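S.K.:
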Amino acid sequence: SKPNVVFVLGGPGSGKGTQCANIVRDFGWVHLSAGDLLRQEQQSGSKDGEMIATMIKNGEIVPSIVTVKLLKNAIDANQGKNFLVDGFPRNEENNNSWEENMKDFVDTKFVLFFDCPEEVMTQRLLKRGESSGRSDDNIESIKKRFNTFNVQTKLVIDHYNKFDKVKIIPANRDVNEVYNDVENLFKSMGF
Ligand SMILES: Nc1ncnc2c1ncn2[C@@H]1O[C@H](COP(=O)(O)OP(=O)(O)O)[C@@H](O)[C@H]1O
Ligand SMILES: Nc1ccn([C@@H]2O[C@H](COP(=O)(O)O)[C@@H](O)[C@H]2O)c(=O)n1
Ligand SMILES: [Mg+2]
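Numbering-wise (the deposited numbering), the sequence shown opens with residue 4 and increments by one.
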């Protein structure tokens with residue numbers, strides 16, 4: 004059987020990583036955060052390491068050739084699992100590179116979009132920046148991430164939305180109120 008994939012999209016700090024951990028716990032899917040995979044590769048001392056570092060700091064999207072490879076390696080090592088790919092696709096290139104490399108290998112079911120206001124994401128991110136130790140949790144990078152989201156990623160969401168493949172969860176609530184709807188959706192989808 005081909006894996007099922009759900010793209011988990013949303014703004015910076017909309018809660019994609021938080022809710023994905025809940026889904027892993029209750030449904031046993033594998034959580035692939037693209038942001039985490041890219042950081043990991045950078046921590047590993049690769050060729051692409053100093054490039055990844057600069058782009059993350061400035062809220063730019065890394066070349067897909069790096070990201071899709073990192074996702075494919077993890078997916079190929081976990082035969083028989085379903086996948087939450089978190090924070091991807093974030094632009095058209097991301098999307099095209101996915102469909103070029105993955106389309107006959109997986110079943111991408113829907114985009115789960117966490118909708119949250121910028122003001123709330125900014126606050127969540129400054130708070131997370133006190134302990135995360137991420138290079139992009141400050142208020143310079145945060146605002147760069149917002150622009151990239153607005154200019155590149157919103158187009159991807161509306162592209163899936165015309166094929167009816169976006170589910171929207173409003174994310175400006177308690178973490179458990181948000182998870183209740185997420186759990187209900189995954190149950191209603193037969194997972
Ligand atoms: N519903 C929520 N309400 C308040 N804090 C939240 C909520 N969801 C997540 N957080 C906090 O917001 C920050 C961003 O969450 P995270 O899941 O890491 O975001 P993302 O992966 O979308 O960038 C974290 O510190 C997290 O603990
Ligand atoms: N598809 C993706 C996902 C993450 N990223 C990079 O990783 C950064 C951190 O993303 P996360 O917030 O998802 O960890 C993004 O702002 C971006 O610089 C990327 O370049 N391509
Ligand atoms: Mg995250």
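Each residue gets a CB set at the ideal place from its N, CA and C atoms; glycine is no exception.
With a threshold of 8 Å, are at least 3 pairs of Cβ atoms found where one atom belongs to the segment 116-130 and the other to the segment 39-48?
M.R.: No, the segment 116-130 does not touch the segment 39-48.
S.K.: Hey, quick one: how far does the beta strand (DSSP E) through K112 stretch, first residue to last?
M.R.: Note, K112: beta strand (DSSP E), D110 to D118.
S.K.: Less than 9 Å between the C-beta atoms of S100 and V71, yes or no?
M.R.: A contact, by the Cβ cut-off of 9 Å.
S.K.: Quick one: any contact between the segment 80-88 and the segment 46-63, if contact means 3 or more CB pairs under 8 Å?
M.R.: With a cut-off of 8 Å, the segment 46-63 and the segment 80-88 do not count as touching, because too few Cβ pairs lie within range.
S.K.: So is the beta-carbon of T151 under 8 Å away from any non-hydrogen atom of ligand 2?
M.R.: Checking the Cβ of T151 against ligand 2 gives yes.
S.K.: I think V8 touches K112, with their Cβ atoms under 8 Å apart; what is that distance to the nearest whole Å?
M.R.: Indeed they touch by this definition, with Cβ atoms about 7 Å apart.
S.K.: Based on the DSSP output, what are the partners of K170 in its beta bridges?
M.R.: Beta-bridge pairing links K170 to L115.
S.K.: So, are the CB atoms of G18 and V178 less than 9 Å apart?
M.R.: Result yes, Cβ atoms of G18 and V178 sit closer than 9 Å.
S.K.: Verify the contact flag: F117, CB atom, against every heavy atom of ligand 1, threshold strictly below 8 Å.
M.R.: Result yes, Cβ under 8 Å from ligand 1.
S.K.: Does DSSP classify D161 as helix, strand or coil?
M.R.: Of the three classes helix, strand and coil, the one that applies to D161 here is helix, per DSSP.
S.K.: So, with DSSP's three-state summary, where would you put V11?
M.R.: In the structure shown, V11 sits in a strand (DSSP, three-state: E or B).
S.K.: With DSSP collapsed to three states, give me the class of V65.
M.R.: Three-state DSSP puts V65 in coil, outside helix and strand.
S.K.: Between which two residues does the beta strand (DSSP E) holding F189 run?
M.R.: No beta strand (DSSP E) holds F189; the alpha helix (DSSP H) holding it covers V178 to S191.
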